[PDB]
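Enquirer: Just passing along the structure, written as structure tokens.
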Amino acid sequence: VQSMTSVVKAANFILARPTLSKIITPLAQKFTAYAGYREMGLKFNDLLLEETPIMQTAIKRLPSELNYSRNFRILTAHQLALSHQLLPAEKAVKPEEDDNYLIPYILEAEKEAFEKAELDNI
Amino acid sequence: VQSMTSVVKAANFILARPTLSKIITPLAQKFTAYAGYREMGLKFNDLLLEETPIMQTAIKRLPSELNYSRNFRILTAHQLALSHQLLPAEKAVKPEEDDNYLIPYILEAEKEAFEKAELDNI
Amino acid sequence: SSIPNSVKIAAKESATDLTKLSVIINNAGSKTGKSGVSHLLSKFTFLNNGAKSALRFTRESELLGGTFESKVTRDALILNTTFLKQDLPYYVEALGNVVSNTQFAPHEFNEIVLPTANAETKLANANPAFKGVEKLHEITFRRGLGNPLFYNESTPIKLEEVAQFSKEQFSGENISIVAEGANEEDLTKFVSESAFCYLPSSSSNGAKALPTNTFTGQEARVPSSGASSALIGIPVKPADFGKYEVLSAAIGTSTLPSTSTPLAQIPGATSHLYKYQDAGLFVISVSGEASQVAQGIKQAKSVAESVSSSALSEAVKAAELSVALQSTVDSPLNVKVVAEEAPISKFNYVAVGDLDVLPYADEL
Amino acid sequence: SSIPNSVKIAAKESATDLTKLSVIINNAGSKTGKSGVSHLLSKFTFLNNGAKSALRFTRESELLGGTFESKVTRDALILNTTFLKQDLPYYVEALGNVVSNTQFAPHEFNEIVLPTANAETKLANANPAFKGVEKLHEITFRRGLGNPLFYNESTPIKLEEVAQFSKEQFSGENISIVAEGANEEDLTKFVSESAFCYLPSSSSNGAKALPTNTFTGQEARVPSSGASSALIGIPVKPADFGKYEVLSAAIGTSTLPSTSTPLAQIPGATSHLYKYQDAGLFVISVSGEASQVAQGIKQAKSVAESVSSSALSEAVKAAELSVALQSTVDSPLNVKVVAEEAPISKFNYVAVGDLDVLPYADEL
Amino acid sequence: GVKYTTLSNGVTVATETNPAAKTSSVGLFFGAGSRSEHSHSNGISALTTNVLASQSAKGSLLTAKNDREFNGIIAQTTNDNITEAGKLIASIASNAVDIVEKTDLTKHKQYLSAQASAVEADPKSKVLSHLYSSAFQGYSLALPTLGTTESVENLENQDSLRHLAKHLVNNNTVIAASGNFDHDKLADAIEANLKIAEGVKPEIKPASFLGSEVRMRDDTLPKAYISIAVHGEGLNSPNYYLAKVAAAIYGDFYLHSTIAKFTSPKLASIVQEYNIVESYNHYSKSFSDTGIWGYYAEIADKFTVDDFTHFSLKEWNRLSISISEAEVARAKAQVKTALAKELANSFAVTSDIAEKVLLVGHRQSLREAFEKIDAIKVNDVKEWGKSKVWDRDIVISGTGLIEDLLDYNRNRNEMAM
Amino acid sequence: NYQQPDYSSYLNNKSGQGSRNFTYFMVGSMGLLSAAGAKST
């Protein structure tokens with residue numbers, strides 16, 4: 001529901017101030033680690049709700065290699081959920097591998113949608 | 001339901017003998033005239049039940065000009081039935097135009113189907 | 001006038017209260033780059049900018065009542081715009097942001113430029129005359145001017161190629177701004193304060209197309225469904241553009257739809273002199289049913305030759321009219337019509353459609 | 001042996017207990033009639049008969065374990081059949097009812113002969129080598145042997161044309177029955193008592209294809225998606241079939257898949273001598289990626305010439321092997337391999353695919 | 001230099017002389033199109049004009065202008081050769097009857113019949129041509145401008161000679177010009193060479209709009225071509241520009257254009273959610289006293305014709321309600337540019353000046369038209385929408401793959417909610 | 001294009017915006033009579 005643009009704006013709002021970054025960033029890292037999605041072979045962007053015209057547009061706009069890697073990650077996560085087993089730390093998605101690859105495309109789609117809404121509303 | 005081949009066979013079975021042709025042919029002509037389909041712009045073949053794979057195949061193989069004429073005749077009949085009016089004798093389908101144009105194609109399709117059934121049944 | 005980048009600027013008054021401003025990229029046409037890159041670039045050119053997105057710029061332009069178009073020619077890439085005189089400072093600025101800092105985003109290459117380019121190519125090639133003309137260029141000019149005007153899948157193009165063809169092109173020397181209904185001083189000021197002044201003075205790695213090297217006598221045949229066509233093409237030096245123009249006006253030309261011309265008496269026939277910077281191509285084409293075209297092209301050939309010089313003289317004024325009509329701002333022409341004899345013995349021939357019916361070059 | 005209709009009958013023993021019986025219609029191939037009628041006729045040939053419908057004949061043949069096929073070649077229309085020796089009296093009779101009294105029903109023209117022909121044409125032309133070979137024939141022989149081997153929509157064909165091309169063709173003089181694994185006397189008796197003896201002795205209005213009239217030096221280019229190709233074609237008189245065959249076997253040929261040949265050392269390259277009654281075409285083809293093909297075709301050309309006669313001598317035995325392998329019953333050949341020098345200076349050239357990369361004839 | 005000149009006879013010479021015109025053209029027009037024909041003589045106006053335009057020209061380009069209402073011959077030449085072109089047409093016109101008397105119409109009739117058939121082949125021209133007729137069935141305005149094959153074949157020199165003598169008269173004829181030339185020199189040249197018979201202006205045959213649907217379902221075509229329009233304001237109507245502004249609100253669209261995804265009109269964004277339509281074109285065709293306002297559309301999908309008509313007509317409803325100021329500002333600007341674009345070519349303005357001088361008796365330069373359009377507020381458009389669109393009768397035409405085009409009642413009901 | 005069938009006799013004699021107004025009147029009357037009957041039931 002929340003626009004990816006809004007959450008990115010809030011994250012940059014916080015990150016611009018070390019007073020809050022030094023407090024929240026460790027908490028955010030711990031919360032992402034405890035979220036449990038990495039151990040299933042998923043990156044943050046894979047969890048995003050696809051069933052949204054903006055999101056579907058962004059995925060359709062994704063490069064072939066990234067799209068195939070995402071397909072494999074989703075399939076692996078589904079298999080792990082089905083088998084009720086998790087990857088070990090060796091095979092789990094390392095924190096540095098959460099590259100937020102899909103955020104640029106989603107932000108571009110959101111910018112296009114917002115421009116459309118702004119222009120047609122005048 | 002009855003195969004067009006069977007009815008054609010029976011009609012030729014009768015027509016081959018003047019003893020029965022001289023009796024039935026006038027009756028058949030009067031029955032077709034009184035059938036009331038001619039006054040609606042329809043030929044006998046237009047009345048045939050299209051919803052049968054053999055009939056659909058026969059129609060599909062129909063020449064372009066005959067197919068278009070049949071489409072116009074069917075549309076005219078639908079319009080007349082809808083408007084509850086009939087063509088006068090001048091515009092009605094004269095007996096000589098009941099050319100049985102569709103019978104050859106239906107018979108070809110029936111022969112193909114019968115050959116298939118006979119061959120695969122051995 | 002010009003700016004330090006050596007950008008040529010020409011401006012003259014127009015009949016109506018309508019500024020027509022066009023940017024002619026001298027050698028960014030289909031002749032210069034890899035076959036078809038010019039067409040794809042014409043598709044990208046307005047689709048994004050550093051200053052404005054596609055949606056914002058298109059919406060603002062339509063609100064302004066203007067029209068913007070990007071047409072690819074073998075010589076140059078033309079960016080046409082037609083807007084009210086009031087809106088000049090906007091569109092010129094936009095064109096600046098078009099020539100430089102164009103985004104070239106992949107999501108546009110895959111969504112709005114490949115589908116659009118393929119649709120345009122299919123629509124144009126559906127006409128056998130255009131397909132025949134493209135083949136005739138391909139055989140008459142082996143490279144450069146022979147490159148197809150539109151993108152084709154037979155020559156895959158990667159986005160990076162288009163992006164690298166926009167750069168090292170689009171240099172100050174390599175573009176010319178032409179305006180009808182705009183004051184030259186005002187346009188010069190706007191261009192100077194626009195993005196154009198950030199352009200490279202001279203391209204470091206410009207393509208520098210090789211000499212034309214016209215090849216005459218070649219023939220080709222292009223099987224095609226539907227309407228057939230037959231075309232005859234004479235390569236010409238620039239100095240002869242006059243002669244052939246007169247000849248065209250003598251027999252009949254597409255630019256001058258007019259019955260009673262010698263060529264119009266045979267259905268589907270038309271002539272036209274494609275003009276370029278260093279070479280030209282006089283094309284006599286017949287289109288329609290293959291059986292009709294077979295005799296029509298031979299009659300057109302017999303008409304192009306055997307045209308009397310006395311009758312050719314009256315065609316001088318019609319040729320001047322045709323040049324003036326073709327003198328539209330995007331493609332200015334300085335052609336001296338002379339009425340001298342124009343040879344045809346060096347023709348190339350191309351047939352499209354029912355190749356079984358259409359004749360071969362040895363039948364003329 | 002022959003029957004009063006002048007039908008030529010040849011029969012010889014075969015290695016296996018498999019009668020291979022073929023009917024070669026001498027000049028019913030794509031060379032003779034309107035472009036493509038031979039292909040459509042090949043589709044029609046087994047699709048009905050006066051004696052047997054298509055369904056009954058196909059079902060009975062499959063019950064008999066035999067195979068029937070109709071392949072169109074530029075010279076002749078071949079009707080192949082392969083069946084156990086026991087089933088000869090059936091199939092020969094069938095072929096009679098195929099050559100004559102074929103129904104030619106429109107419901108088959110629109111259902112089974114246009115879709116099948118179009119599918120085969122698309123499937124074959126998908127291979128750039130085959131498309132290039134067809135174009136190379138079209139440019140080397142402008143008519144007759146140059147006619148495309150398959151039906152194309154660019155030359156519409158009406159059923160009446162196919163029916164009228166079956167008649168006035170298919171004459172006793174114009175067909176030859178060739179059998180492997182069948183006694184000539186028995187086959188002669190069966191043919192005499194079959195429908196063949198009802199054929200016209202000589203066609204009243206046979207096409208009588210005009211002399212071949214080979215045209216050399218011409219080049220063409222066929223843009224295409226996917227794999228590219230480049231072909232070089234030398235027209236040859238029948239008496240030269242030996243020479244070029246040896247040359248082919250010297251450099252490497254499709255009929256003889258074998259590494260270590262001079263031509264095989266460059267990927268995708270192969271040579272083949274198409275042989276016909278009155279003319280032949282030696283074709284050197286390279287297929288694959290356009291960039292690779294561009295240099296591959298030049299290397300193949302440089303290999304075709306400069307081949308030492310001493311090295312050419314060893315190729316004589318391989319050429320005899322290739323002729324024997326190509327001596328399949330449907331296309332018998334009598335070729336005297338001689339090993340003499342074979343010129344290549346008179347080559348035609350055709351490129352398919354990424355025309356931007358592939359070279360032109362002037363680059364060899 | 002729009003100034004007008006009236007010769008010793010009642011012929012008016014209107015010239016849009018303007019420096020910096022690339023080329024100049026002169027044309028003599030008489031107000032007799034298909035409007036002033038009848039079914040037996042339909043196409044005679046085009047045939048007689050083609051014969052005159054087929055005459056030899058002294059290096060000039062004679063072309064025939066054929067239209068529902070007006071019809072004439074136009075000569076285009078370089079600015080220095082305009083006087084010769086003027087003297088030429090006067091020679092053509094003064095000798096019109098003599099030329100037609102000896103002229104063999106067989107070749108011209110073939111050319112005219114070929115034109116008419118070619119019009120039928122092109123789906124857009126067929127749909128529009130049928131559309132205009134269906135709206136005006138029963139009146140002469142329903143006749144095709146170029147006529148029909150069977151109608152043309154019956155034409156004879158007597159038919160045209162009767163036509164010219166009825167229409168080619170001083171009061172029913174105008175002379176148009178445009179380009180860089182002196183007006184007086186052209187007028188003097190014409191007066192010394194133009195000799196035509198006097199006659200009363202033929203009363204313009206009346207025509208009335210009748211909402212109807214004409215379907216030419218053609219299942220062999222690759223796309224469905226449809227046009228839907230209402231009784232739009234014609235010439236000499238105060239809303240003439242207002243009708244054009246309303247059309248520009250919905251504007252044009254072409255699915256395979258780079259501008260498709262970024263174009264302003266609301267309907268353009270709506271149709272792309274399913275790729276409903278490949279191309280559509282809103283227009284305001286205006287005749288002497290009657291006009292047709294609507295759109296032409298080509299649908300490349302059999303299953304989306306009803307979807308398009310529903311959405312396009314639903315968008316028409318917004319003319320009377322919820323029409324945005326931005327749209328009107330866009331439409332006003334777009335029409336002004338489109339209006340100026342039409343008048344760029346000297347040939348185009350020569351046709352235009354002849355049309356107005358005949359069908360309305362006066363002409364407005366771009367200065368006046370811009371002053372009028374600029375004054376169009378949102379309210380004025382909304383009042384026009386209620387007057388001419390809201391719940392008003394539509395006329396429907398369609399040729400290809402029409403099977404999905406729902407019948408008239410469905411489409412017409414969408415015109416109100 | 002062609003000659004349309006003559007509808008002269010079928011054409012209504014009444015005004016362009018008036019006949020649709022009368023159609024509105026009776027369609028709304030039918031709707032509100034149906035509403036009254038449904039209310040009663």
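Within each chain, counting starts at residue 1; across the structure tokens, chains are named A, B, ... in the order shown, with ligands numbered 1 upward in that order.
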Could you give me, as a list in words, the residues within 8 Å of region 315-331 of chain D, counting only C-alpha atoms and dropping anything in the same chain fewer than 2 positions from it?
Expert: residues 20, 22, 23, 24, 78, 80, 178, 179, 180, 245, 246, 247, 248, 249, 250, 255, 256, 311, 312, 313, 333, 335, 337, 338 and 339 of chain D
Enquirer: Can you tell me, as a PyMOL selection string, what residues are no more than 6 Å from region 45-52 of chain C when counting only C-alpha atoms, ignoring any on the same chain fewer than 3 positions away?
Expert: chain C and resi 41-42+57+97-98+101-103
Enquirer: Give me a file of those residues, with N, CA, C and O atoms, as a PDB file, in the first residue's frame.
Expert:
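Below you can see result-v2.pdb, which holds the result:
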```pdb
ATOM      1  N   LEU C  41      17.246   6.039 -32.789  1.00  0.00           N
ATOM      2  CA  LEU C  41      17.549   7.307 -32.139  1.00  0.00           C
ATOM      3  C   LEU C  41      16.425   8.310 -32.339  1.00  0.00           C
ATOM      4  O   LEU C  41      16.056   9.022 -31.400  1.00  0.00           O
ATOM      5  N   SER C  42      15.870   8.380 -33.549  1.00  0.00           N
ATOM      6  CA  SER C  42      14.713   9.236 -33.771  1.00  0.00           C
ATOM      7  C   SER C  42      13.582   8.870 -32.826  1.00  0.00           C
ATOM      8  O   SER C  42      12.844   9.749 -32.368  1.00  0.00           O
ATOM      9  N   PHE C  57       7.157  16.561 -20.609  1.00  0.00           N
ATOM     10  CA  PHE C  57       7.393  17.358 -21.804  1.00  0.00           C
ATOM     11  C   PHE C  57       6.252  17.219 -22.800  1.00  0.00           C
ATOM     12  O   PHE C  57       5.814  18.220 -23.373  1.00  0.00           O
ATOM     13  N   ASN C  97      17.662  20.146 -24.479  1.00  0.00           N
ATOM     14  CA  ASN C  97      17.665  18.977 -23.614  1.00  0.00           C
ATOM     15  C   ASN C  97      17.441  17.690 -24.389  1.00  0.00           C
ATOM     16  O   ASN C  97      17.694  16.612 -23.845  1.00  0.00           O
ATOM     17  N   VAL C  98      16.971  17.774 -25.629  1.00  0.00           N
ATOM     18  CA  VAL C  98      16.863  16.593 -26.475  1.00  0.00           C
ATOM     19  C   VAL C  98      18.206  16.233 -27.091  1.00  0.00           C
ATOM     20  O   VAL C  98      18.572  15.058 -27.148  1.00  0.00           O
ATOM     21  N   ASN C 101      22.034  15.293 -22.966  1.00  0.00           N
ATOM     22  CA  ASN C 101      21.444  14.717 -21.756  1.00  0.00           C
ATOM     23  C   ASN C 101      20.140  13.971 -22.021  1.00  0.00           C
ATOM     24  O   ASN C 101      19.280  13.905 -21.136  1.00  0.00           O
ATOM     25  N   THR C 102      19.961  13.422 -23.222  1.00  0.00           N
ATOM     26  CA  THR C 102      18.878  12.470 -23.436  1.00  0.00           C
ATOM     27  C   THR C 102      19.169  11.198 -22.649  1.00  0.00           C
ATOM     28  O   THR C 102      20.294  10.694 -22.655  1.00  0.00           O
ATOM     29  N   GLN C 103      18.146  10.673 -21.973  1.00  0.00           N
ATOM     30  CA  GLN C 103      18.389   9.648 -20.962  1.00  0.00           C
ATOM     31  C   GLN C 103      18.771   8.308 -21.584  1.00  0.00           C
ATOM     32  O   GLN C 103      19.713   7.655 -21.122  1.00  0.00           O
TER      33      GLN C 103
END
```
Enquirer: Could you work out which residues of chain C fall inside 8 Å of chain A? Count only C-alpha atoms, and format the result as a PDB file with N, CA, C and O atoms, in the first residue's frame.
Expert:
```
ATOM      1  N   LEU C  55       6.717  12.179 -20.168  1.00  0.00           N
ATOM      2  CA  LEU C  55       5.341  12.539 -19.862  1.00  0.00           C
ATOM      3  C   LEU C  55       5.197  14.035 -19.631  1.00  0.00           C
ATOM      4  O   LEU C  55       4.299  14.670 -20.194  1.00  0.00           O
ATOM      5  N   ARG C  56       6.075  14.620 -18.816  1.00  0.00           N
ATOM      6  CA  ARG C  56       5.970  16.046 -18.537  1.00  0.00           C
ATOM      7  C   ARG C  56       6.144  16.872 -19.801  1.00  0.00           C
ATOM      8  O   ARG C  56       5.357  17.792 -20.055  1.00  0.00           O
ATOM      9  N   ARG C  59       3.063  16.407 -22.172  1.00  0.00           N
ATOM     10  CA  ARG C  59       1.879  17.073 -21.648  1.00  0.00           C
ATOM     11  C   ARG C  59       2.001  18.583 -21.775  1.00  0.00           C
ATOM     12  O   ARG C  59       1.051  19.257 -22.189  1.00  0.00           O
ATOM     13  N   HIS C 107      14.166   0.749 -20.290  1.00  0.00           N
ATOM     14  CA  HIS C 107      12.738   0.478 -20.196  1.00  0.00           C
ATOM     15  C   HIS C 107      11.969   1.166 -21.312  1.00  0.00           C
ATOM     16  O   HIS C 107      10.836   0.778 -21.617  1.00  0.00           O
TER      17      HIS C 107
END
```
Enquirer: Of the candidates A:25, A:121, A:76, A:2, which shows the shortest atom-to-atom distance to chain E, using only C-alpha atoms?
Expert: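 Result for the nearest residue to chain E: A:121.
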Enquirer: What's the 8 Å shell around residue 220 (chain D), counting only C-alpha atoms, without same-chain residues fewer than 2 positions away, as a PyMOL selection string?
Expert: (chain C and resi 220) or (chain D and resi 135-136+139+218+222+349-351)
Enquirer: What does the file look like for those residues with N, CA and C atoms, as an mmCIF file, in the first residue's frame?
Expert:
```cif
data_model
loop_
_atom_site.group_PDB
_atom_site.id
_atom_site.type_symbol
_atom_site.label_atom_id
_atom_site.label_comp_id
_atom_site.auth_asym_id
_atom_site.auth_seq_id
_atom_site.Cartn_x
_atom_site.Cartn_y
_atom_site.Cartn_z
ATOM 1 N N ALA C 220 17.750 -6.108 -58.554
ATOM 2 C CA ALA C 220 17.333 -6.947 -57.442
ATOM 3 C C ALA C 220 15.854 -7.265 -57.590
ATOM 4 N N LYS D 135 17.516 -18.051 -53.536
ATOM 5 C CA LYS D 135 17.818 -16.777 -54.181
ATOM 6 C C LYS D 135 18.943 -16.931 -55.195
ATOM 7 N N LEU D 136 19.941 -17.750 -54.872
ATOM 8 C CA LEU D 136 21.070 -17.939 -55.768
ATOM 9 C C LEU D 136 20.621 -18.591 -57.064
ATOM 10 N N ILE D 139 18.759 -15.938 -59.169
ATOM 11 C CA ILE D 139 19.581 -14.927 -59.831
ATOM 12 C C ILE D 139 20.496 -15.568 -60.868
ATOM 13 N N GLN D 218 25.872 -11.985 -61.283
ATOM 14 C CA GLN D 218 24.839 -11.301 -60.522
ATOM 15 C C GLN D 218 24.983 -11.595 -59.035
ATOM 16 N N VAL D 222 19.443 -10.802 -49.101
ATOM 17 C CA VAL D 222 18.134 -11.107 -48.544
ATOM 18 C C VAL D 222 18.186 -10.872 -47.040
ATOM 19 N N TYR D 349 26.968 -14.243 -56.066
ATOM 20 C CA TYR D 349 27.078 -14.143 -54.618
ATOM 21 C C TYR D 349 25.753 -13.695 -54.028
ATOM 22 N N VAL D 350 25.339 -14.340 -52.939
ATOM 23 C CA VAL D 350 24.107 -13.970 -52.248
ATOM 24 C C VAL D 350 24.335 -14.022 -50.745
ATOM 25 N N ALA D 351 23.925 -12.967 -50.051
ATOM 26 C CA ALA D 351 24.062 -12.861 -48.607
ATOM 27 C C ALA D 351 22.685 -12.815 -47.964
#
```
Enquirer: Counting only C-alpha atoms, which residues of chain E come no farther than 8 Å from chain F, as number ranges by chain?
Expert: E: 39, 120, 126, 129-130, 133-134, 137-138, 142-144, 147-148, 392
Enquirer: Would you mind telling me which residue in B:51, B:22, B:72, B:9 lies nearest to chain E when using only C-alpha atoms?
Expert: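 Looking only at the distances to chain E, the closest residue turns out to be B:72.
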Enquirer: If the cut-off is 7 Å, can you tell me the residues of chain C near chain D, counting only C-alpha atoms? I'd like them as an NGL selection string.
Expert: :C and (35 or 153-155 or 220 or 223-226 or 353-354 or 356)
Enquirer: Determine which residues of region 123-364 of chain E DSSP labels as helix (DSSP H, G or I) from the backbone of this structure, then write them out as a ChimeraX atom specification.
Expert: /E:123-135,140-142,149-153,157-167,170-172,183-191,240-250,260-262,266-271,302-317,325-342,346-359
Enquirer: Restrict the calculation to only C-alpha atoms, then for each residue of chain E with any atom at most 9 Å from an atom of chain C give the closest atom pair and their distance in Å to one decimal, rows by chain and rising residue number, as JSON lines.
Expert:
```
{"residue": "E:18", "atom": "CA", "partner": "C:15", "partner_atom": "CA", "distance": 6.3}
{"residue": "E:19", "atom": "CA", "partner": "C:15", "partner_atom": "CA", "distance": 6.8}
{"residue": "E:20", "atom": "CA", "partner": "C:15", "partner_atom": "CA", "distance": 5.9}
{"residue": "E:21", "atom": "CA", "partner": "C:15", "partner_atom": "CA", "distance": 6.0}
{"residue": "E:22", "atom": "CA", "partner": "C:324", "partner_atom": "CA", "distance": 6.0}
{"residue": "E:23", "atom": "CA", "partner": "C:324", "partner_atom": "CA", "distance": 6.3}
{"residue": "E:24", "atom": "CA", "partner": "C:321", "partner_atom": "CA", "distance": 8.9}
{"residue": "E:50", "atom": "CA", "partner": "C:259", "partner_atom": "CA", "distance": 8.8}
{"residue": "E:53", "atom": "CA", "partner": "C:259", "partner_atom": "CA", "distance": 8.1}
{"residue": "E:54", "atom": "CA", "partner": "C:260", "partner_atom": "CA", "distance": 5.7}
{"residue": "E:55", "atom": "CA", "partner": "C:260", "partner_atom": "CA", "distance": 7.3}
{"residue": "E:56", "atom": "CA", "partner": "C:260", "partner_atom": "CA", "distance": 7.1}
{"residue": "E:58", "atom": "CA", "partner": "C:314", "partner_atom": "CA", "distance": 6.7}
{"residue": "E:59", "atom": "CA", "partner": "C:314", "partner_atom": "CA", "distance": 5.3}
{"residue": "E:60", "atom": "CA", "partner": "C:318", "partner_atom": "CA", "distance": 6.1}
{"residue": "E:61", "atom": "CA", "partner": "C:258", "partner_atom": "CA", "distance": 6.5}
{"residue": "E:62", "atom": "CA", "partner": "C:258", "partner_atom": "CA", "distance": 6.5}
{"residue": "E:63", "atom": "CA", "partner": "C:258", "partner_atom": "CA", "distance": 6.0}
{"residue": "E:64", "atom": "CA", "partner": "C:258", "partner_atom": "CA", "distance": 8.8}
{"residue": "E:76", "atom": "CA", "partner": "C:321", "partner_atom": "CA", "distance": 7.6}
{"residue": "E:77", "atom": "CA", "partner": "C:321", "partner_atom": "CA", "distance": 5.7}
{"residue": "E:78", "atom": "CA", "partner": "C:321", "partner_atom": "CA", "distance": 5.5}
{"residue": "E:81", "atom": "CA", "partner": "C:317", "partner_atom": "CA", "distance": 8.1}
{"residue": "E:255", "atom": "CA", "partner": "C:116", "partner_atom": "CA", "distance": 8.7}
{"residue": "E:256", "atom": "CA", "partner": "C:116", "partner_atom": "CA", "distance": 5.1}
{"residue": "E:257", "atom": "CA", "partner": "C:116", "partner_atom": "CA", "distance": 6.0}
{"residue": "E:258", "atom": "CA", "partner": "C:112", "partner_atom": "CA", "distance": 6.0}
{"residue": "E:259", "atom": "CA", "partner": "C:58", "partner_atom": "CA", "distance": 7.4}
{"residue": "E:261", "atom": "CA", "partner": "C:55", "partner_atom": "CA", "distance": 7.9}
{"residue": "E:262", "atom": "CA", "partner": "C:55", "partner_atom": "CA", "distance": 4.8}
{"residue": "E:263", "atom": "CA", "partner": "C:59", "partner_atom": "CA", "distance": 6.3}
{"residue": "E:264", "atom": "CA", "partner": "C:59", "partner_atom": "CA", "distance": 5.6}
{"residue": "E:326", "atom": "CA", "partner": "C:63", "partner_atom": "CA", "distance": 7.5}
{"residue": "E:327", "atom": "CA", "partner": "C:63", "partner_atom": "CA", "distance": 7.9}
{"residue": "E:329", "atom": "CA", "partner": "C:63", "partner_atom": "CA", "distance": 6.6}
{"residue": "E:330", "atom": "CA", "partner": "C:63", "partner_atom": "CA", "distance": 4.2}
{"residue": "E:331", "atom": "CA", "partner": "C:65", "partner_atom": "CA", "distance": 7.6}
{"residue": "E:332", "atom": "CA", "partner": "C:65", "partner_atom": "CA", "distance": 7.6}
{"residue": "E:333", "atom": "CA", "partner": "C:65", "partner_atom": "CA", "distance": 4.1}
{"residue": "E:334", "atom": "CA", "partner": "C:65", "partner_atom": "CA", "distance": 3.9}
{"residue": "E:335", "atom": "CA", "partner": "C:65", "partner_atom": "CA", "distance": 7.3}
{"residue": "E:336", "atom": "CA", "partner": "C:65", "partner_atom": "CA", "distance": 7.2}
{"residue": "E:337", "atom": "CA", "partner": "C:65", "partner_atom": "CA", "distance": 5.8}
{"residue": "E:338", "atom": "CA", "partner": "C:65", "partner_atom": "CA", "distance": 8.3}
{"residue": "E:340", "atom": "CA", "partner": "C:16", "partner_atom": "CA", "distance": 6.5}
{"residue": "E:341", "atom": "CA", "partner": "C:18", "partner_atom": "CA", "distance": 7.6}
{"residue": "E:343", "atom": "CA", "partner": "C:16", "partner_atom": "CA", "distance": 7.4}
{"residue": "E:344", "atom": "CA", "partner": "C:16", "partner_atom": "CA", "distance": 6.5}
{"residue": "E:345", "atom": "CA", "partner": "C:325", "partner_atom": "CA", "distance": 8.7}
{"residue": "E:366", "atom": "CA", "partner": "C:17", "partner_atom": "CA", "distance": 7.7}
{"residue": "E:367", "atom": "CA", "partner": "C:17", "partner_atom": "CA", "distance": 8.6}
```
Enquirer: Please list as a JSON list (two decimals) with C-alpha atoms, in the first residue's frame every residue within 12 Å of residue 48 (chain B), counting only C-alpha atoms and excluding residues in the same chain fewer than 3 positions away.
Expert:
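File produced: part39.json:
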```
[["chain", "number", "residue", "atom", "x", "y", "z"],
["B", 1, "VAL", "CA", -29.67, -36.69, -36.48],
["B", 2, "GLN", "CA", -30.44, -38.65, -39.63],
["B", 3, "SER", "CA", -27.39, -38.69, -41.88],
["B", 4, "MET", "CA", -27.84, -36.68, -45.05],
["B", 37, "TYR", "CA", -39.66, -21.43, -45.59],
["B", 42, "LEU", "CA", -34.68, -19.34, -47.24],
["B", 43, "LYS", "CA", -33.67, -22.35, -49.30],
["B", 44, "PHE", "CA", -33.98, -25.89, -47.99],
["B", 45, "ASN", "CA", -30.26, -26.15, -47.26],
["B", 51, "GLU", "CA", -24.66, -27.38, -35.08],
["B", 52, "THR", "CA", -23.09, -30.70, -36.07],
["B", 54, "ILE", "CA", -20.23, -32.71, -40.23],
["B", 55, "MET", "CA", -22.49, -29.76, -41.03],
["B", 56, "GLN", "CA", -19.93, -27.25, -39.76],
["B", 58, "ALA", "CA", -19.52, -28.82, -44.94],
["B", 59, "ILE", "CA", -20.29, -25.13, -44.40],
["B", 70, "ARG", "CA", -26.46, -18.03, -47.63],
["B", 74, "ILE", "CA", -30.33, -16.29, -43.24],
["B", 100, "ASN", "CA", -29.70, -28.03, -53.03],
["B", 101, "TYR", "CA", -26.35, -26.25, -53.21],
["B", 102, "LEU", "CA", -25.11, -27.56, -49.85],
["B", 103, "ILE", "CA", -25.95, -31.25, -50.37],
["B", 106, "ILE", "CA", -22.51, -32.49, -46.75]]
```
Enquirer: Pick out the residues sitting within 8 Å of residue 30 (chain E), and hand them over as a count of residues only; count only C-alpha atoms, and ignore anything fewer than 6 positions along from it in its own chain.
Expert: 10
